[PDB]
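Below: the structure, in structure tokens.
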Amino acid sequence: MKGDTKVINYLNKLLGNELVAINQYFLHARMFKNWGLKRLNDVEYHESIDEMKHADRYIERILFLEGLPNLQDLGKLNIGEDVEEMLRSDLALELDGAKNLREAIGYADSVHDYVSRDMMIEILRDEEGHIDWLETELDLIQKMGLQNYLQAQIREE
Amino acid sequence: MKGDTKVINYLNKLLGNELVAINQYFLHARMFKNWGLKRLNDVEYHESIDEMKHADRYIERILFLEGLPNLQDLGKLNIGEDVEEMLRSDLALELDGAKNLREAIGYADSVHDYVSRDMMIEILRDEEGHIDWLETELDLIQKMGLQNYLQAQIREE
Amino acid sequence: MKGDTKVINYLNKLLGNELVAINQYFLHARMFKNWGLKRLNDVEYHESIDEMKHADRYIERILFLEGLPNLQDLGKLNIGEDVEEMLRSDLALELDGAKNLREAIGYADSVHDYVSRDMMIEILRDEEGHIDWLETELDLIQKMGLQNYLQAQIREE
Amino acid sequence: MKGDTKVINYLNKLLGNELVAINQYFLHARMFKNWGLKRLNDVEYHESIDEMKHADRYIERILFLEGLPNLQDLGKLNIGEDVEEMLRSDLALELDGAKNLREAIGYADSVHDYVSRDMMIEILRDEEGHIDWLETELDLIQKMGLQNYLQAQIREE
Amino acid sequence: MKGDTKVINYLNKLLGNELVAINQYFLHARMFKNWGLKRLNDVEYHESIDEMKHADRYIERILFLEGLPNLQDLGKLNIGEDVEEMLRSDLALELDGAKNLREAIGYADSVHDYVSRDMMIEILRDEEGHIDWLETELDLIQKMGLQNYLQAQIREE
Amino acid sequence: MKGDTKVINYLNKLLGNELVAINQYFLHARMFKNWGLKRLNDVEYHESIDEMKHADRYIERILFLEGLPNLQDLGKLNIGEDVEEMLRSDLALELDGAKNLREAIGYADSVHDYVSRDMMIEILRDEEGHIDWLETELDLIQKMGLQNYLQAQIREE
Amino acid sequence: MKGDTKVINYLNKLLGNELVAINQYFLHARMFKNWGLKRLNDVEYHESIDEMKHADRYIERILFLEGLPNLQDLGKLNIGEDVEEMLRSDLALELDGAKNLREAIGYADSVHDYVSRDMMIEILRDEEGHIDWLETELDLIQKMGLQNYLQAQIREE
Ligand code: HEM
Ligand code: HEM
Ligand code: HEM
Ligand code: HEM
Ligand SMILES: [Zn+2]
Ligand SMILES: [Zn+2]
Ligand SMILES: [Zn+2]
Ligand SMILES: [Zn+2]
Ligand SMILES: [Zn+2]
Ligand SMILES: [Zn+2]
Ligand SMILES: [Zn+2]
Ligand SMILES: [Zn+2]
Ligand SMILES: [Zn+2]
Ligand SMILES: [Zn+2]
Ligand SMILES: [Zn+2]
Ligand SMILES: [Zn+2]
Ligand SMILES: [Zn+2]
Ligand SMILES: [Zn+2]
């Protein structure tokens, strides 16, 4: 069913955001796992899988709309070297992604692509969940101190 | 069955205390949940449901005695901005509540409303349990320090 | 994640509507139960619980958006003294609430708060169910007459 | 297998009767559900479904006989505005349809289409059950009065 | 254990109230069953049994206190001839019995018979439930009229 | 609850679309079944049931909004005579219906009927699935040729 | 445990080959799904998951050896527009990848990194499975012709 060209361009842009987040969260999860921070590996691994499922939904929607999914153009990763810097980099990426989502959702409504919009709102709700988790962990580091915070990560929850 | 007017007035006063406590505990619980303090969310939410059940018991008893439950006049909430201030505010509210309960219990006995009295003694028992929990947590903060105490709240028990 | 100030104000106003509805429905449920109208007790009790669940969603959303939930300012209850008066008061209240809901949903969209919008649309759907139930009962009183209507309430459904 | 032209014409006539009855019973059922008359929604929905299965049987039989089922020419619905008027309209429609069935059954026998005949007799048996249910409900309205009658419809059977 | 003489006298007075109520409720229940009012037979039979368990508790307590249970002096029954008169007679009897219970409870406290007191308060709680059921039924008769009220009694609940 | 008059008009137009689609998908299904194309019978039968469920949602919504469902005015069927023509006819009908949905969804938003809008977006989502299925089948016929395509339809999936 | 620098570089190169394969196979899988070729969607999806699992083993090994996994530099995708082109492209990618693997396995042995070698031989055996499946499918297209081959993909296996 031929979709609106600019809607397909926005979906490719959001797919590009999910591709960056997949790699960044998956690498962060295995860095945490290597350091023995099991709880953080578990959450970040599951965050990584959520972004993979988001990428799948964009890929299928784009193809349904008769566009060409662009899995070629990976954007900048910001890996970071310590726990706080890693979580802050994830959070910055998420806030940028939500901004792009909000734009695409408004546009999709104005051209009456309500099914693309409905899918993007469900994805945005998941992203707000990822944001909440990141903001909360960053705050906990501040309130209990990094040493207590790291000790809390060693067992799976 | 027409009840004593002053007993109905005391029951409405106690109902009013429960209404404040329901709101204060429920909001505290969701504040803790938002901060990622799961154990405190769990306990405060259950303390909140306990007060809801107390409020139910007063409402039914007042109607049985042919009075008019007053759910309109909400007393002052004292929310607080940090863990210790919140728990201290719940404790202050509970202690004021137990005082009113003791007074009503004595009076119900004087006019031979022993069933309203039996109900109030059971609620007072529950309130002494909320007080015990609050006092103990405040003492733990002091003994282990705030950072260790916060760390201990992040997993459910 | 910092929310739009006016969205938070709308959320607090809708929360205020839920708090009124919780109390009014709960007290009506127990009045019905005291009169031995078990079926009306059951339905009104379940609507009060639905409104409690709505209040909880507003509270959690306001806190996530970094605002202050206002559980202090209870609006006017209109209790009523007989079955038809009580149902009509619940109806007027629902209709006023639905009006404020529609206004907030439109505004959430203008500022791209699509998750708050998506939440409030699910709550609106629930409110339209409460309205449908109230309007239907009111029409049944008219069609079968009050005595038959009361008779049909004495057994739980 | 090439069927008799007039038999196919009769089958299309009866299919037309079924298509009117599907819509009329379905709409009556949902009108009853909207009014809170659950018992009547339940019966009329199930009659609607009976008529749908009758239509399916005509369609398949016409196809087997190498004819063209006509689902295009919808006959006149008579919806009605209150319970008695709705039931009486369903009854008039069923009586008309039974008269057409009797004629078609006679004709199928004279051209030796005994399988079309046997199908139509099983459908006529179901229609006589529909007529019996309608005649009985209308008589109950008279005997107990409309107010008691409507009260009797509010719960599922 | 030798009990207080007046406490035993009060226990025998209350036992006497129970013995009247057993007979009156049992006979009312069977009168209702004979008339085909099954719901009322069911409730009144179960009230009869409650009173029997109350009597058993008085008998055992008087024996433990080294007193002589008096099952000889049956007080006045007031049976009544129609549903409302029967219920109103049960209610008057229960109100009288509650007044005697209140007096005995006050007295047991002043002589430090706290276990007799605790038993009597549990019995008073059950009696207030009996009073509530009666008051509610009598009000239902008024609100829906006697004919609808009797119709509502023909099936078991 | 009194709905917006133009919303009810749109709901009636959409209902009219579903009614055409019910009949056309149902007749196509049984034509495939008669031809021994069991796979196509199964899919088209399930699409017809999907449109019946859509039609039920429109009817209940219009009644809730105090409108009159119009099941009388059946639009034009285009049945077709061979597999490819029938599929193309279903596709043209679906695309016209999706255009009407988009218009109604926009309008519903402008008058704040967010629950009617929410219902229509779910239905649109289903229609886009119908569309995808039809487009895919039509492309398969071209890719593998009609003879292989027919062969693939004889067994149930 | 500090690994050999050139081993880590080989590991990063092979991880790069997996990242290309994950994307190419996943998009191919969803392209097949869109065309209604379910059997091809299923196999290519499961091959993509295989590559994801390989990527994970490289990442974990590189971190264990204290190197930095490079998930930033994505190599050239060759997507293709029809089934045969897409399969040939996956085949070319696989053969290039197996070449890089053979080279790395040899070198791991020269520097006594036998655990890296053991991991890479297991991945190579999986890659030879992917190669076998692709060569086999390409040969089937030529032996049965593309129309029959496409017909054979529409049902899942
Ligand atoms: C186009 C990019 C990718 C897409 C679309 C994608 C997609 C998916 C999907 C749909 C699943 C199934 C998840 C579920 O439903 O449970 C999955 C699983 C998985 N993915 Fe990816 N993924 C991508 C990239 C990656 C990358 C780069 C890694 C690198 C580690 C990875 C690692 C995994 C792992 C370990 C699993 C679980 C496999 C298992 O044990 O079953 N994925 N992926
Ligand atoms: C008049 C004031 C209230 C009364 C009398 C009341 C009463 C009740 C009662 C009786 C229950 C059932 C508890 C049980 O048996 O487990 C309940 C549950 C609940 N209440 Fe309230 N409540 C009141 C106010 C509130 C408020 C202000 C909130 C705000 C959030 C709230 C939130 C809840 C929640 C989330 C539940 C659990 C419902 C569930 O099962 O999911 N209540 N309440
Ligand atoms: C009119 C006179 C009385 C009648 C008609 C009556 C009748 C009955 C009946 C029909 C039962 C149920 C029996 C069964 O099927 O198991 C019962 C139970 C019982 N009765 Fe009576 N009774 C009378 C007087 C009394 C008195 C004076 C007592 C003094 C204690 C008494 C004590 C009990 C007790 C303890 C039970 C068993 C209750 C339970 O635990 O379920 N009854 N009676
Ligand atoms: C107003 C229009 C129609 C409406 C509203 C309607 C509605 C429905 C509904 C709600 C169901 C039950 C679906 C489920 O939940 O599984 C159903 C079933 C069915 N319908 Fe219709 N339908 C309509 C027209 C038709 C027509 C013209 C046919 C012609 C055959 C038909 C044939 C059937 C059949 C065979 C079933 C399944 C019956 C069974 O075996 O239980 N319907 N319909
Ligand atoms: Zn995402
Ligand atoms: Zn995310
Ligand atoms: Zn309390
Ligand atoms: Zn408390
Ligand atoms: Zn609500
Ligand atoms: Zn509501
Ligand atoms: Zn029929
Ligand atoms: Zn019929
Ligand atoms: Zn007793
Ligand atoms: Zn009693
Ligand atoms: Zn549809
Ligand atoms: Zn459709
Ligand atoms: Zn691989
Ligand atoms: Zn491979």
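Following the order of the structure tokens, chains are lettered A, B, ..., residues in each are numbered from 1, and ligands are numbered from 1.
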What does the list of residues within 10 Å of ligand 16 look like if you count only C-alpha atoms and all ligand atoms, written as a PyMOL selection string? chain F and resi 17-18+21-22+25+47-52+54+90-91+93-95+97-98+123-131+134
Open item on the list: Residues of chain G within 9 Å of chain A, counting only C-alpha atoms, what are they? List them as a list in words.
Closed with: residues 20, 23, 24, 26, 27, 30, 31, 33, 34, 56, 59, 60, 63, 64, 69, 71, 72, 73, 74, 75, 76 and 77 of chain G
Any chance you can output those residues with C-alpha atoms as a PDB file, in the first residue's frame?
ATOM      1  CA  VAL G  20      26.700  -6.916   8.342  1.00  0.00           C
ATOM      2  CA  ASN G  23      21.288  -6.694   9.152  1.00  0.00           C
ATOM      3  CA  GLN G  24      21.303  -8.257   5.660  1.00  0.00           C
ATOM      4  CA  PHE G  26      17.051  -9.678   8.924  1.00  0.00           C
ATOM      5  CA  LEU G  27      15.965  -7.312   6.097  1.00  0.00           C
ATOM      6  CA  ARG G  30      11.232  -9.352   6.348  1.00  0.00           C
ATOM      7  CA  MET G  31      11.277  -8.788   2.574  1.00  0.00           C
ATOM      8  CA  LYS G  33       7.635 -12.096   4.829  1.00  0.00           C
ATOM      9  CA  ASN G  34       6.188  -9.074   2.999  1.00  0.00           C
ATOM     10  CA  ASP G  56      27.524 -11.781  21.217  1.00  0.00           C
ATOM     11  CA  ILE G  59      31.888  -9.190  22.020  1.00  0.00           C
ATOM     12  CA  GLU G  60      32.183 -11.192  25.212  1.00  0.00           C
ATOM     13  CA  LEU G  63      36.012  -7.842  26.485  1.00  0.00           C
ATOM     14  CA  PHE G  64      37.443 -10.815  28.357  1.00  0.00           C
ATOM     15  CA  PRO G  69      34.545  -4.214  20.701  1.00  0.00           C
ATOM     16  CA  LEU G  71      30.218  -1.965  16.859  1.00  0.00           C
ATOM     17  CA  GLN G  72      30.560   1.402  15.122  1.00  0.00           C
ATOM     18  CA  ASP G  73      31.971   0.591  11.670  1.00  0.00           C
ATOM     19  CA  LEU G  74      29.318  -1.170   9.569  1.00  0.00           C
ATOM     20  CA  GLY G  75      30.516  -2.689   6.271  1.00  0.00           C
ATOM     21  CA  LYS G  76      28.642  -2.668   2.945  1.00  0.00           C
ATOM     22  CA  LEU G  77      25.188  -4.313   2.782  1.00  0.00           C
TER      23      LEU G  77
END
Please provide the set of residues having any atom within 9 Å of residue 121 of chain A, restricted to only C-alpha atoms, with same-chain residues fewer than 2 positions apart removed, written as a count of residues only.
14
Neighbours of residue 100 of chain G within 7 Å (only C-alpha atoms; same-chain residues fewer than 4 positions away dropped), as a PyMOL selection string? chain G and resi 14+96+104
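The spacing separating atom CA of residue 36 of chain A from atom CA of residue 152 of chain B amounts to 19.7 Å.
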note - atom CA of residue 154 of chain B and atom CA of residue 2 of chain C are separated by 23.2 Å
Of A:9, A:28, A:55, A:41, the one sitting nearest ligand 1 when using only C-alpha atoms and all ligand atoms is A:55
Can you tell me, as a PyMOL selection string, which residues in chain E count as helix (DSSP H, G or I) by DSSP?
chain E and resi 5-35+38-64+83-110+114-144+146-151
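Our summary of the geometry notes that atom CA of residue 82 of chain D is positioned 13.7 Å from atom CA of residue 142 of chain C.
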